[PDB]
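Chemist:
Number of protein chains: 2
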Amino acid sequence: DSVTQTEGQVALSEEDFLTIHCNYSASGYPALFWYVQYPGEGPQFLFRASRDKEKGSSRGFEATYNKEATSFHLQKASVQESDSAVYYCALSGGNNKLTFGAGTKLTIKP
Amino acid sequence: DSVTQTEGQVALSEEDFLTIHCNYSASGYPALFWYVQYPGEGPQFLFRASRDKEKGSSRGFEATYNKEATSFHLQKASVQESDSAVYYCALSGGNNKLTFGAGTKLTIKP
């Protein structure tokens with residue numbers, strides 16, 4: 001199983017629209033996640049989508065489980081300073099362990 | 001539910017013995033884990049331990065589930081240069099969600 005997301009960095013300004021890409025490959029019917037990792041901490045659970053077409057969301061963030069395109073893109077209509085962090089796209093299936103992507107460094111500026 | 005590990009960086013030289021502490025606190029019987037995040041990559045599953053006294057291992061690393069002291073200390077008898085990475089201690093209660103420690107930077111020397 002594998003996760004591939006927008007690598008590197010994405011630098012936005014406050015009030016901007018955020019879109020982070022994530023496509024995956026897993027057999028079965030995996031759960032899909034989004035975790036946040038603020039500076040000086042470990043990854044923390046953002047939201048989960050368990051079914052195809054289910055849209056997870058938390059803190060203004062959301063992602064729709066799309067199985068035809070095998071993707072789980074993250075969006076936020078208006079990003080703000082305190083969102084500066086690294087976002088990882090993840091999946092749980096296969097055999098009970100979490101598969102993480104490389105993470106995208108989202109840097110917001112005022 | 002919380003996980004707390006060896007704050008920061010731990011520097012060593014090849015073949016040394018390592019121990020990165022992890023002390024958890026959660027209700028019920030949680031599954032404990034350690035993940036490794038190699039440079040340029042996302043966090044990855046290292047091993048898990050579901051019940052007291054159980055001992056996980058992979059790549060010469062091992063942690064003993066200690067229900068009484070509520071600890072899950074990572075140990076490797078002889079550390080190697082390829083081992084330089086950040087190690088997280090995780091916890092999963096009733097399936098699904100994983101709670102992460104902040105991580106510890108392990109820096110080996112040749």
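As you go down the protein sequences, you meet chains A and B in turn.
Residues 1 to 93, 96 to 112 (the authors' numbering) make up the first sequence, in order.
Residues 1 to 93, 96 to 112 (the authors' numbering) make up the second sequence, in order.
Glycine is no exception: its CB is placed at the ideal position from the N, C-alpha and C atoms.
#1: Give a yes or no on whether the C-beta atoms belonging to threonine 19 of chain B and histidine 73 of chain B are separated by under 7 Å.
#2: Can you tell me the Cα-Cα spacing of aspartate 16 of chain B and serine 92 of chain B, whole angstroms?
#3: When the Cα atoms are used, what is the spatial distance from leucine 100 of chain B to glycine 40 of chain B?
#4: Would you say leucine 91 of chain A reaches chain B, if we count a Cβ-Cβ gap shorter than 7 Å as a contact?
#5: Between which two residues does the beta strand (DSSP E) holding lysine 76 of chain B run?
#6: By Cβ distance below 6 Å, which residues in the same chain neighbour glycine 28 of chain B in space, the five residues on each side in sequence not counted?
#7: Assuming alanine 85 of chain A and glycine 103 of chain A form a contact by the criterion Cβ under 8 Å, report the distance between their Cβ atoms to the nearest whole angstrom.
#8: Can you find a heavy atom of the ligand NAP that lies under 6 Å from the Cβ of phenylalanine 72 of chain A?
#9: For the beta strand (DSSP E) that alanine 49 of chain B lies in, which residues bound it at each end?
#10: So which residues of chain B does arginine 48 of chain A contact, with C-beta pairs closer than 9 Å?
#11: Can you tell me whether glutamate 62 of chain A is helix, strand or coil according to DSSP?
#12: Buried or exposed: which applies to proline 112 of chain B, given that a residue is buried once 16 or more other Cβ atoms fall within 10 Å of its Cβ?
#13: Let me know if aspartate 83 of chain A comes out buried or exposed under the rule of 16 or more other beta-carbons within 10 Å of its beta-carbon.
#14: Mind checking if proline 30 of chain B is an interface residue toward chain A, Cβ cutoff 7 Å exclusive?
#15: By alpha-carbon positions, which one of A/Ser25, A/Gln37 and A/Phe33 ends up nearest to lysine 107 of chain A?
#16: Spatial neighbours of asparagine 23 of chain A within its chain, please: C-beta separation below 6 Å, excluding the five flanking residues on both sides.
#17: Between the beta-carbon of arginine 48 of chain B and the beta-carbon of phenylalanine 61 of chain B, is there less than 7 Å?
#18: Look at the alpha carbon of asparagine 98 of chain B and the alpha carbon of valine 79 of chain B, and state the distance between them as a whole number of angstroms.
#19: Is it buried or exposed for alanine 11 of chain A, if we count other Cβ within 10 angstroms and need 16 for buried?
Modeler: In this structure, then:
#1: Result yes, Cβ atoms of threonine 19 of chain B and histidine 73 of chain B sit closer than 7 Å.
#2: In a straight line, the C-alpha of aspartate 16 of chain B is about 31 Å away from that of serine 92 of chain B.
#3: Cα to Cα, the separation comes out at about 22 Å.
#4: Contacts with chain B at 7 Å (Cβ-Cβ) do not include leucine 91 of chain A.
#5: Here the beta strand (DSSP E) through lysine 76 of chain B covers 74 to 76.
#6: Correct list, in chain order: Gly93.
#7: Actually they do not touch by this definition, with Cβ atoms about 14 Å apart.
#8: As for the ligand NAP, it is missing from this structure, which has no ligand bound.
#9: Residue range 44 to 49 is occupied by the beta strand (DSSP E) that includes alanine 49 of chain B.
#10: Contact annotation for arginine 48 of chain A against chain B: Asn98 and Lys99 [CB-CB distance below 9 Å, chain order].
#11: DSSP, read as helix, strand or coil, puts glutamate 62 of chain A in strand.
#12: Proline 112 of chain B should be labelled exposed.
#13: By the 10 Å Cβ count, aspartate 83 of chain A comes out buried.
#14: Interface annotation, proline 30 of chain B: not in contact with chain A, CB-CB separation never under 7 Å.
#15: Distance from the Cα of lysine 107 of chain A is smallest, within the candidate group A/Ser25, A/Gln37 and A/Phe33, for A/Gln37.
#16: Same-chain partners within the cutoff: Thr4, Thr70 and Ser71.
#17: No, these two residues do not count as a Cβ contact at 7 Å.
#18: Near 32 Å, if we compare the C-alpha coordinates of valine 79 of chain B and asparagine 98 of chain B.
#19: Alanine 11 of chain A should be labelled exposed.
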